[PDB]
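Everything on this sheet refers to the single structure shown next.
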Protein chains: 2
Amino acid sequence: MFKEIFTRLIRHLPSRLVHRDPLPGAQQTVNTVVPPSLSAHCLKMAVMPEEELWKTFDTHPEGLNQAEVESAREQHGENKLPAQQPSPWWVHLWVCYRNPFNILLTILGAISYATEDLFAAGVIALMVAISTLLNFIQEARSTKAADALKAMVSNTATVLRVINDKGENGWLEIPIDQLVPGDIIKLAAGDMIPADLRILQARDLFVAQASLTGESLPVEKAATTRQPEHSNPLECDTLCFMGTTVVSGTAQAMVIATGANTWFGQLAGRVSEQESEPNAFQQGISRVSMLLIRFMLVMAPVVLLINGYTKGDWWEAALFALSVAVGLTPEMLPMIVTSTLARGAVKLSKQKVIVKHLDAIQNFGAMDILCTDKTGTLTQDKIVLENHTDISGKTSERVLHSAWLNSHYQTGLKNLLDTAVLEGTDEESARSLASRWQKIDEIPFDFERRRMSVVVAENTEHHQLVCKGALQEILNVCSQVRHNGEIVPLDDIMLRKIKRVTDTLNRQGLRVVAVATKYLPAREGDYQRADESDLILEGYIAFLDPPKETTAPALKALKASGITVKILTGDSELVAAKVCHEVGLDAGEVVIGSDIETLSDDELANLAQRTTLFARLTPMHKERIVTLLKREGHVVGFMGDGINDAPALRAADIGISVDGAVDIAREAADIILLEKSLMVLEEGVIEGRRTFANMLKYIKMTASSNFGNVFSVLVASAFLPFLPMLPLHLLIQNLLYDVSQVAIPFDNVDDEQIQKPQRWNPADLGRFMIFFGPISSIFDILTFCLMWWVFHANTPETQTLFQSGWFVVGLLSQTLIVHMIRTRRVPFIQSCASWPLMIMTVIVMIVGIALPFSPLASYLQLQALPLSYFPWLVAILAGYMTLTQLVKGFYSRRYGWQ
Amino acid sequence: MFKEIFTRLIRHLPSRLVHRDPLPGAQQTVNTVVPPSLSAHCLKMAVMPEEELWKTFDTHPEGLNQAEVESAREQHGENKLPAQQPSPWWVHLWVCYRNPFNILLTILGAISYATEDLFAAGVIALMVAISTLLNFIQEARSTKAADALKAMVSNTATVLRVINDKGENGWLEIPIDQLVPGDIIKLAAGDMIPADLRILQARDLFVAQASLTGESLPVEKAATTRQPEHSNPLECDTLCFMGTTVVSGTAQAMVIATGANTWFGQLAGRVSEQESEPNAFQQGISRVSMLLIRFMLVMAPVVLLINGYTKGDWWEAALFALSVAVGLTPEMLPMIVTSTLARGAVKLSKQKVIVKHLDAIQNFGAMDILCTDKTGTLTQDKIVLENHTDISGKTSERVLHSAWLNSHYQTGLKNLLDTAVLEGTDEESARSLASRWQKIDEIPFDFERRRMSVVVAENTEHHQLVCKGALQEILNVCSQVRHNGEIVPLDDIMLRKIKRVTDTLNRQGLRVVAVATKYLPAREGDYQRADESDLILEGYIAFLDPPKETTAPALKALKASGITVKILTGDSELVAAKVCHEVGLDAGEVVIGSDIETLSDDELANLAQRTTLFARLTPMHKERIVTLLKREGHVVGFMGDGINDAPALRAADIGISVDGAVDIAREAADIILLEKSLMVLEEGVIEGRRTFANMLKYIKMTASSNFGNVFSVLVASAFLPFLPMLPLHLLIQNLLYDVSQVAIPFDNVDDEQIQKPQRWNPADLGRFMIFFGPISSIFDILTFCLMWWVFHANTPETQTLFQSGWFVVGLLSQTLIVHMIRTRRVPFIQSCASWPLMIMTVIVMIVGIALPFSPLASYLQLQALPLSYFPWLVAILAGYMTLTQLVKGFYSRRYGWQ
Ligand SMILES: [Mg+2]
Ligand SMILES: [Mg+2]
Ligand SMILES: [Mg+2]
Ligand SMILES: [Mg+2]
Ligand SMILES: [Mg+2]
Ligand SMILES: [Mg+2]
């Protein structure tokens, strides 16, 4: 076996259509051990004075104009990884043409027909070129469509730039790949860092660097450094880094590095620069290509040997063997996949489902466990009923005003509670509070405490810290409560009463958020998390988030498909259970996060296969649950649109996000839904299953037909005193058959093939070929006998009649057999193909019939066929179709279709 | 003018595709003054002993088997009105062929070519027959599709019948039209009475006879009569009548009359049997047909006179004039409409919108005011949050148990509150109450008091009356309240406190339903409405009905289309205002029902044009508001699925209902949505606008082209010494052009034509014809000059070259001009037709080109065309297209497209 040189033979698809993106959150080890050049440059750039920063990157405060931005892009490259730049079209055409098979075909043609027999090798090379341009056009169009689809949903950044010739400055939303060094951008809540940044100004900027430094708590970034110099570049309080997000606050910064020059650009791109292990799709494609190479390299040399030993001329024998082996070439796969999946992707783009990389289309059809969250998917993002009450249950205006202050003076991500509180407060009181209070500091949201705080002041004497969050976390840091207008210590009886009331509200489906306030003396230092102590619990706000009207039918459709929906949510188990009961999902027994830390990996993996609803989950818990759900042969899809959903989305077999979400939840995702709905996801899953079924059918049919032709040639060449068909005719047959098959990506797929999650077995293609090759072979032998005896083509002098006699049988049957071997159901009555496929089949059949009668037949060494041959050909085709229809049942019983 | 004989000429479409159904609720006057035969038969059948009832109608207790049911159907006809039976296909073909135009054409052909010139009139009659069969096939297919669509959503009844050969009896759901006299059916809540019925058994059967007797309160129907004999047939307490609904209770009855033999069957069908005034659609179709008849009868006689005076033979002149006038025949309209609207209807059937009668498709596109209800459309039918509390606000199990008793022991229509109460009660307590309490009597729901009551008993000593309803109505009949476990008199302070609490709950969007209980001594008499007094108010249940997620986008799309959505609801104004604010609708100022009784018709009509939300409306108020909303040139659509929505649905210009609803809300409706959603309605409105635009475009283009041909013939006949074209060639041109236009119903419509509600002006067709006729005449004259001078067709001996020379110009231009005159936008770049239309255009153009060169041309008196004529024809076509494109702008400016 061996066949290491097959690595030369197999051409791999570009690494952007298949396989995921780097996702700069991984490999916490020291790649290149923080290389001294990069570390020194970052350290020097951190404390760089602001004045010479303008000269260093040739940047002006007003921004950059056109000529400058293209000059900078030319000098420093583009804001992309080296694996993200598509090759030029002429390079793609050359690499398509430079394959060993076409070059060897041309060389063999020149050698065989160099004996003054020109216009033969010329036509062979012309056919080779026509096939090459066909493949190149297919691949180029599909790759362009896929790249456009991937660029439709891309992370954007807000830049100063220059508008119009007048030089006016605005705020353009441009894709991150268009960024150049020395570009001024602005950062808000939820926007990821697109490249290395030098902070020009910052208002309470807290960013999440857990991806790089491994610390979950957000860190503060200021305009000027506030710490003595430290070696660690990632700890600089004035430089941002690509791959991190902005938790809260606002900023305006300048790009100091881009593309591969960025910190992550070296990391795992150039610092490691190792060979990435191929994913599931690439492995299957490699298996298919290797199987085709094995079959070709096994059978073609036998044909070569037989023809050389018997016929005579060895060169023509080798040319003929290569021509028949071209049918089973492995370089059709780079087109086929690209020609099929991209089409589905385009169709998915019309179903509000953008596919960033074609590989996902496989997994998106193979998904059988879909982890999600109650918010957005199950229930809406807008809450209908909300009542602001104190601990006694009566409506309290103090609680509503404190919540309004906290929501209005926050700078983090917008929340449904914040919007509801802002809308539910009257304009007069809202403006009175706005003109009466002023913001000072903000303590953002983090999962260690799950509380958000804002410190404001009504004067310069005292400050008020107003915090809000989940009930238990607020109660943990509350010592006093404002009951009946008096501040009374919060004893155990009131705690238990509050707990039972909130438990009843949760059981009714109401989410409860508690609010506390505290008064402190005025101080200059920033407020830390330690300041949330001895608070005064003003009250709690209970709000109802109604389930979506379409959630239950979508869940039913998903269960019908076979996708077991599981809920991984950080909310209370009571609210999650009520929501699941409302939407019809079977909660069963709930598992909280605190009950999985003690459990081992095996125990959690054994419990995750039976539990439907998981509550009170930290992002680490979500990542662990998703990771342990794939081991038992399950393809897992995770749907989320949160800040910390990047590890969960990346760890899942497929990640699905929404167009409106934080950047890190879109960069890490593989599928982007234009709207957050389960019905759209289910329809997209069905259509992706159809697309993958179409691709598999294409590969199966092409391989089976070409292997059957090769087997017929191998078995029947010895007895004949000449070539059964001229290799030029075989190339014509292959080209016309490929042109006919062009329409297969548009075929229809039976609902039986797409009723269950798809499992792809590359070894099934070999069984299909072995089963469906001799079928065609038998009728090839019958046609050979018919031409040898009935039509008296017994001598080479009349061989032209013989070969053409097979040609029309070779092309049409190969074209017709598709309609018999595309469905397990009986064709034309129980299952039908698509109109383009039938049109192409009929047109190609007509062209093949008319080729011997066309004036070109003389140039193609084709002789006209007598009218008596037509009934025999029709009978042969009918017998072939009937036999394959009656034989498909045995293949269905022994091995099965899907 | 006069032209009364045009009534003979115009063929009217069948009265089932256009115009509504009888809807047996109308004309409260005494039609036939209660004819003595029917009244006596009903009176005798009412008190008929049950024993001889079986023999009277040949019915057995087990039901009827097949042979008996077909025998009864043959004897007594079918359960349909005389206007609902479609004619046989051969009758339709004959009536299509029996039109004056085709008969006159055949007679003139025989007269003109009876001078031994056979095979001429024969071919003319063959072409006449081909056109007749084309029209008949189109009409028959479209009518069959429309009838199938109307039968898809039809009121059904549950019948005993016989299942299988074993004789087993089941309960078949069969359409009401299949009912035969002497058939046993069962009646439940919400099922309308399908035909005259004799009640065999009844359990608390209360039916609504407000349609016939005019009394809003439901009346009781018993198995045996309980009143002394009374003359009025409609007051019989044992006979049901078609057109009425079952408010509550169960029954099993026998059909005693069917079809026209039913009480309503005489009423307005045979008792009156008057000429129904045509609706909007029929009037417009009559106007179009009359305009075409006027144009034809004006211009054709002039051509006849000119040709007879100049050419010679009068018979051939009359034949030629009739042949050119055939282009403007008015009997194409019965096909066109039926061929277009039905197609849209079929498409509407794929958008979950079933159209019962094609006429609706006009109004459904012309709708600009859509009256609806908050339940179902705006909000969902399932309530998420519900809390059962007493007057003090604490949760009370007594209130929940009383509501459970009332909901479980009711027999009326199921309600969202009833389902929520049934689901929210634990199984143990529910079964304990079920085994502990037993139903005795029920006082159903009616709008005079808006309260429902059920009288049950735990023993034989005392009975408990449990009633529920709106808060104010319950409080009106409550004197005591169970507060803190003690029965205390309900004073004014508690009333005001309850009112303010419930007002706050309504302002939060919670609907509040109060429940009262009372204890009475055991008695044998039935409980009446007077028993609801001195009740004990147990408490109230507040439940939240969340708005649908898709309501706001659907309302935005409807407003973008131009359909002003108005809400006519009987709920409280606070809840309706909160729902409207939630869904984004502008409530503005609300109008309650009590504030429209004093207002006059003019005042209410001037107020309903500015008010968006109407609250606390009785069904009479809804009917009045809908009636007064159409006078100011507005097409009003009413959407409802209630028992009393039949007057509102019928009084509106169009009525839309849901598949799942009471029967009387489906019989009275014109459109049936498979699901209750506003988005489906908006998409259906858009598609119906497209369909009506397609129909109008078809009529306009056909009339304009044929009028242009007639004008060319009229102007250019005098100078020529022979017929410009043989009438056989004109018939060929008309047939081929119609075959080309067949694909117009499948055309594409610009979004500009369907962006606003459509207004149809029949007089616009005349202006369009006048504008676009001479444009097609100028080039006809140019072609005449080209054939006369350039090609030297100066003598009748070479007239065959001349006529054919026009023929190819006549057919292709008429076919091509469509792509220029179908859109106001520039063709082929800014607006494009549909693939079937382009395919048909190209195919018909090819056929017309090849006809002179075909061997049939000799039989059709067509001569082959020289190759030099092709460039001239191409130039003529290009000039015609360019001139019409440049001229369309003037028509757009002066009159406008839509
Ligand atoms: Mg942003
Ligand atoms: Mg600070
Ligand atoms: Mg073959
Ligand atoms: Mg029913
Ligand atoms: Mg009773
Ligand atoms: Mg014309």
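So this one's electron microscopy, 3.8 Å, going by the header.
The backbone N, Cα and C atoms fix where each Cβ goes, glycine too.
Feature annotations, courtesy of Swiss-Prot:
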- A:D373: active site, 4-aspartylphosphate intermediate (ACT_SITE)
- A:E331, A:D641, A:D645, A:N709, A:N734, A:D738: Mg(2+) binding site (BINDING)
- A:1-94: topological domain 'Cytoplasmic' (TOPO_DOM)
- A:138-287: topological domain 'Cytoplasmic' (TOPO_DOM)
- A:309-317: topological domain 'Extracellular' (TOPO_DOM)
- A:336-695: topological domain 'Cytoplasmic' (TOPO_DOM)
- A:716-724: topological domain 'Extracellular' (TOPO_DOM)
- A:745-766: topological domain 'Cytoplasmic' (TOPO_DOM)
- A:791-799: topological domain 'Extracellular' (TOPO_DOM)
- A:819-831: topological domain 'Cytoplasmic' (TOPO_DOM)
- A:852-866: topological domain 'Extracellular' (TOPO_DOM)
- A:887-898: topological domain 'Cytoplasmic' (TOPO_DOM)
- A:95-115: transmembrane segment (TRANSMEM)
- A:117-137: transmembrane segment (TRANSMEM)
- A:288-308: transmembrane segment (TRANSMEM)
- A:318-335: transmembrane segment (TRANSMEM)
- A:696-715: transmembrane segment (TRANSMEM)
- A:725-744: transmembrane segment (TRANSMEM)
- A:767-790: transmembrane segment (TRANSMEM)
- A:800-818: transmembrane segment (TRANSMEM)
- A:832-851: transmembrane segment (TRANSMEM)
- A:867-886: transmembrane segment (TRANSMEM)
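Around A:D641 (Mg(2+) binding site), the C-beta neighbours below 8 angstroms that are at least 6 residues distant in the chain are A:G376, A:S657, A:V658, A:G660, A:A661, A:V662, A:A665, A:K676. When the stretches A:288-308, A:318-335, A:800-818, A:832-851, A:867-886 are ranked by Cβ pairs under 8 Å to the transmembrane segment (A:95-115), first place goes to A:318-335. Listed by sequence, the residues of this chain that lie at least six past the ends of the topological domain 'Cytoplasmic' (A:887-898) yet keep a Cβ under 8 A from its Cβ atoms are 752-753, 756, 758-759, 764, 767-768, 771-772, 775, 820-821, 824. Note: the stretches the transmembrane segment (A:800-818) and the transmembrane segment (A:117-137) are not in contact (fewer than 3 CB pairs below 8 A, sequence gap of 6 or more). A contact links the transmembrane segment (A:288-308) to the transmembrane segment (A:696-715), because at least 3 Cβ pairs that are 6 or more residues apart lie under 8 A. Sorting the topological domain 'Cytoplasmic' (A:1-94) by DSSP state (H, G, I as helix; E, B as strand; all else coil) yields 42 helix, 2 strand, 50 coil. Around A:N709 (Mg(2+) binding site), the same-chain residues at least 6 positions away in sequence with a Cβ under 8 Å from its Cβ are A:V324, A:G327, A:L730, A:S776, A:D780, A:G810, A:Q814.
Nearest neighbour of the residue listed as 'active site, 4-aspartylphosphate intermediate' by Cα distance, taken over the binding-site residues A:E331, A:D645, A:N734, A:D738: A:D645. The candidate set comprises the recorded positions A:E331, A:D373, A:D645, A:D738. Of these, A:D645 has the most other Cβ atoms within 10 Å. Highest Cβ contact count with the transmembrane segment (A:318-335) among the listed stretches A:117-137, A:725-744, A:832-851, A:867-886 falls to A:725-744 (criterion: pairs under 8 Å). Under the DSSP three-state reduction, A:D645 (Mg(2+) binding site) is assigned to helix.
Within the same chain, residues at least six positions away from A:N734 (Mg(2+) binding site) with a Cβ under 8 Å of its Cβ are A:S131, A:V326, A:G327, A:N706.
Applying DSSP to the topological domain 'Cytoplasmic' (A:745-766) sorts its residues as follows: 6 helix, 0 strand, 16 coil. Residues distinguished by a CB atom under 6 angstroms from ligand 4 are absent from the binding-site residues A:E331, A:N734, A:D738.
Sequence-distant contacts of the topological domain 'Extracellular' (A:852-866), counting only residues of its own chain at least 6 positions beyond either end whose CB sits under 8 Å from a CB of the stretch, comprise 119, 123, 726, 728-729, 732, 791, 800-801, 803-805, 807-808. Secondary structure at A:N734 (Mg(2+) binding site), as computed by DSSP, is helix.
Taking a Cβ distance under 6 Å to any atom of ligand 3 as the criterion, the recorded positions A:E331, A:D373, A:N709, A:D738 reduce to A:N709. Long-range neighbours of the topological domain 'Extracellular' (A:716-724) within the same chain, counting only residues 6 or more positions beyond its ends whose Cβ lies under 8 Å from a Cβ of the stretch, are 303, 306-307, 310-311, 316, 320, 780-781, 784, 788, 795-796, 799, 802-803, 806.
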